[PDB]
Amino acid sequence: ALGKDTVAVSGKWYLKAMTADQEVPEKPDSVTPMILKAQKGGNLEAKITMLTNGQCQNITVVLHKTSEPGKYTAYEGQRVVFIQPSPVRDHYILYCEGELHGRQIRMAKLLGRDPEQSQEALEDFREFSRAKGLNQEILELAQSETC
C-alpha cells in the first residue's frame, strides 16, 4: 500500500524559505515551482528548475522511502530528507541532513501550495530552523514560472 502522507505531499509546491547551518555557494536567481510525484513503491520523485547565472538547471531527484514515515533518502543514501507539515496550512517543511558536493550541509526548506508569502508560516519556519540549530540567513526565493 502507498502512504497517505506520501500522497499528501504530492503535487505543486512553491519553494519559499531556505535556512542553513553553512553558507551555500551557488544560489539560483529564481526557481520554478517544485513538483512531487508519488510513485508506486512509496518513493517520491521531485523536479525543480533553478534559473542561475541566466541558465536553467533541470533537477530530478528521487526520495527513496524508509522504515520511518517522513524519513526519505536520496543521492544513493548520501542525503536524508525529513518531511513534516507546518501548523500553518498549505505549508510543509523539508529538513535535509546529509552531504552534497563533498560537503556536509544541513538545510531547511519551506514549501507552500500558494506563492503568497505567509508571515505566520515564515515565523514558524524560523522557530523550527533555530531549534534544529540552523541559525543563518533565511532566503525567500524568487518564484519564476518558465525559462
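Just count from 1 along the sequence shown to find any residue number.
As recorded in the PDB entry, 24-32 is the stretch of 24-32 and 61-69 with the greater mean C-alpha temperature factor.
For the pair 34-42 and 51-59, the mean Cα B-factor is higher in 51-59.
The PDB entry assigns the greatest CA B-factor among 83, 105, 110, 80 to 105. In this PDB entry, the Cα temperature factor of residue 100 sits in the top third of its chain's modelled residues, the highest group.
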